[PDB]
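**Q** In the authors' numbering, the protein residues as written are 262 to 793.
Even for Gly, the Cβ is constructed at its ideal location relative to N, Cα and C.
#1: For residue 692, which option in 749, 571, 740, 660 has the closest C-alpha, if you only look at C-alpha atoms?
#2: Alpha carbons only, please: which of 454, 498, 264, 781 is nearest the one belonging to residue 329?
#3: In terms of residue numbering, what span does the alpha helix (DSSP H) encompassing residue 548 cover?
#4: Going by DSSP, what residue range makes up the alpha helix (DSSP H) through residue 304?
#5: Quick check on DSSP: helix, strand or coil for residue 563?
#6: Looking at the secondary structure, which residues open and close the alpha helix (DSSP H) in which residue 244 lies?
#7: For the beta strand (DSSP E) that contains residue 598, what are its first and last residues?
#8: With a cut-off of 8 Å, do at least 3 Cβ pairs link the stretch 630 to 643 to the stretch 693 to 706?
#9: Do the stretch 607 to 618 and the stretch 576 to 594 touch if we need at least three Cβ pairs shorter than 8 Å?
#10: Kindly provide the ranges of any alpha helix (DSSP H) runs that are 4 or more residues long and lie completely inside the stretch 479 to 559, ordered along the chain.
#11: Can you tell me where the beta strand (DSSP E) holding residue 472 begins and where it ends?
#12: Specify, as a first and last residue, the run of the beta strand (DSSP E) that residue 272 falls within.
#13: How do the stretch 681 to 689 and the stretch 700 to 715 stand: do at least 3 beta-carbon pairs fall below 8 Å, yes or no?
#14: Starting from the Cα of residue 341, find the closest Cα among 669, 312, 322, 354 and give me that residue.
#15: Here's a check: name, in chain order, each residue in its chain whose Cβ is nearer than 7 Å to the Cβ of residue 482, leaving out the five neighbours to either side.
#16: Per DSSP, which residues does residue 437 bridge with? Please list them.
#17: Across which residues does DSSP place residue 609 in a beta bridge pair?
#18: Rounding to the nearest angstrom, what Cα-Cα distance links residue 731 and residue 781 in this structure?
#19: If you reduce the DSSP assignment to three classes, tell me which class residue 373 lands in.
#20: Report buried or exposed for residue 606, applying the criterion of at least 16 other Cβ atoms within 10 angstroms of its Cβ.
#21: On the criterion of 16 or more Cβ atoms from any shown chain inside 10 Å, does residue 274 qualify as buried, or is it exposed?
#22: Do residue 498 and residue 540 have their beta-carbon atoms positioned less than 9 Å apart in this structure?
#23: Which whole-angstrom value describes the C-beta separation of residue 532 and residue 565, a residue pair presumed to lie in contact below a C-beta threshold of 8 Å?
#24: At a cut of 8 Å, does the stretch 411 to 423 reach the stretch 345 to 353 through at least three beta carbon pairs?
#25: Under three-state DSSP, which class holds residue 791?
#26: Just the C-alpha distance for residue 319 and residue 359, rounded to the nearest angstrom, thanks.
#27: Would you report the Cα separation of residue 562 and residue 491, rounded to the nearest angstrom?
#28: Using DSSP bridges, identify the partner residues of residue 714.
#29: Beta-carbon within less than 8 Å of residue 759's beta-carbon, same chain only, minus the 5 sequence neighbours each way: which residues are those?
#30: Which residues bound the beta strand (DSSP E) around residue 694?
#31: Please list the terminal residues of the continuous alpha helix (DSSP H) segment that includes residue 279.
#32: State yes or no: is the C-beta of residue 442 within less than 9 Å of the C-beta of residue 421?
#33: Does the stretch 521 to 528 come close enough to the stretch 659 to 669 to have 3 or more Cβ pairs within less than 8 Å?
#34: According to DSSP, simplified to helix, strand and coil, what is residue 288?
#35: Can you grab the Cα-Cα spacing for the pair residue 785 / residue 642, in whole Å?
#36: Do residue 741 and residue 777 have their C-beta atoms closer together than 9 Å?
This is the structure in structure tokens:
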């Protein structure tokens with residue numbers, strides 16, 4: 262029954278200082294257990310470990326009194342010699358690189374052994390994915406004595422992957438993508454990938470190179486070269502056009518706060534447009550760039566450009582979970598700008614926010630909110646390139662409205678012309694959207710699989726306008742004020758989502774609470790996706 266005191270006995274070398282306090286566990290009745298005496302010993306043999314003494318014998322050998330019924334516990338500490346690390350080396354690394362492994366090393370050479378930063382480095386080596394096997398050695402550098410080399414013996418491993426996805430959704434339709442990837446290319450710890458994918462709207466091929474380092478301090482250098490073939494002809498986010506673009510880009514990533522990060526990028530991009538059936542606001546751009554038109558031609562003599570751009574962003578993530586966060590928030594601040602050598606001459610800036618509030622110790626009843634702000638303008642007597650405009654609608658912006666159904670309408674030519682107001686969304690340079698939802702527990706489902714599904718009731722609301730439409734306002738008194746930010750739409754609905762064993766399904770039934778004439782309403786919306 263119980264214990265008197267604990268004086269921490271043993272040897273040697275001023276260890277009794279940081280050993281004693283305060284892991285001696287002052288007192289509060291001083292209980293004692295059979296299996297709870299194992300780990301306390303380990304706590305001490307680690308304090309020595311970081312200080313140079315790996316080998317350490319901590320012997321719990323308490324002697325009890327059968328009269329006073331008071332166990333006098335005793336720390337019997339054999340602290341061994343102080344182990345000095347000469348140099349660390351690797352073997353089995355046939356393809357890798359002394360570099361690529363000696364980057365995850367924390368322990369320093371010609372320095373006292375710290376068996377933690379050492380033991381934690383073998384853990385850092387694993388979890389990279391580069392090796393199947395990582396194991397360390399302590400051989401003692403004969404003759405010396407008391408010095409050690411610590412070797413890391415790795416088994417290289419297939420760091421090449423191939424991957425496919427297939428998916429279907431209300432807007433987007435049938436989607437698939439494939440990609441091929443070699444990590445640790447080529448023993449340098451970077452990653453090279455080939456990727457391609459298909460929407461109804463585009464096919465996009467993409468070569469990308471990622472250097473996680475570039476600076477010792479973790480700054481990343483991403484390279485990307487890409488081709489996109491966009492074709493918009495099947496929609497309502499008509500004001501259809503065809504765009505073919507190629508480009509290439511380097512972007513610097515900065516890993517600051519685990520919850521925060523920045524990036525800076527430069528990129529060159531070349532866009533080529535065909536079709537483009539010639540409408541009012543677009544013409545303003547076509548002329549802005551002084552390409553020719555010449556009626557009786559409908560459509561434009563094809564349009565081309567590049568486009569050196571600068572890019573900066575900031576990324577905040579709290580979010581207590583990968584998917585279905587239950588608390589925390591997340592946010593982004595991003596900006597694009599075209600540089601002196603570009604055509605086009607414009608800038609973009611954006612901001613999103615998503616946050617989650619639980620009403621519960623439980624976390625089953627959560628209130629979530631989301632808001633986004635997007636704004637483009639141009640300069641140098643140039644208009645914003647019309648294919649760079651915003652629209653809202655659909656999951657992600659305004660449920661119950663079809664994708665890209667919210668924004669300024671096109672006005673095509675009817676010779677005299679530009680008195681053929683259309684339903685087609687041509688898009689705008691200012692977007693705001695926000696959303697508020699109550700996540701409630703999923704009925705019928707549960708209890709073990711109750712995560713994996715998220716039921717909710719929401720209100721979405723969005724608005725897309727053209728800031729410059731004032732210059733064109735009169736001349737079209739019988740069309741709405743396309744420059745009025747107040748022509749906000751909104752909806753309310755139920756929304757189900759679930760992470761099935763085949764991939765993520767998410768559903769939505771939404772009814773509009775505010776629409777405008779000619780708005781395309783798509784109440785039921787859903788996506789379905791799989792990856793292999």
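**A** So, from the data block:
#1: 749
#2: 264
#3: Counting along the chain, residue 548 sits inside the alpha helix (DSSP H) bounded by residues 541 to 549.
#4: 299 to 310
#5: coil
#6: Only positions 262 to 793 of the chain appear in the structure, and residue 244 is not among them; the question remains open.
#7: The continuous beta strand (DSSP E) containing residue 598 extends over residues 589 to 599.
#8: By the Cβ rule, the stretch 630 to 643 counts as touching the stretch 693 to 706, because three or more pairs are nearer than 8 Å.
#9: yes
#10: 541 to 549
#11: 463 to 475
#12: Per DSSP, residue 272 belongs to no beta strand (DSSP E) and is neither H nor E.
#13: no
#14: 312
#15: 472, 475, 511, 513
#16: 427, 459
#17: Bridge partners of residue 609: 597, 637.
#18: 25 Å
#19: strand
#20: buried
#21: By the 10 Å Cβ count, residue 274 comes out exposed.
#22: Pairing residue 540 with residue 498 gives a Cβ-Cβ distance that is not under 9 Å.
#23: Residue 532 to residue 565, Cβ: 7 Å. Contact.
#24: yes
#25: In the structure shown, residue 791 sits in a strand (DSSP, three-state: E or B).
#26: 36 Å
#27: 18 Å
#28: 759
#29: 713, 714, 715, 765, 766, 767
#30: 691 to 701
#31: Counting along the chain, the unbroken alpha helix (DSSP H) around residue 279 starts and ends at 277 to 281.
#32: Cβ atoms of residue 442 and residue 421: closer than 9 Å.
#33: Too few Cβ pairs lie closer than 8 Å, so no.
#34: If DSSP states are grouped into helix, strand and coil, residue 288 belongs with coil.
#35: 43 Å
#36: Yes.
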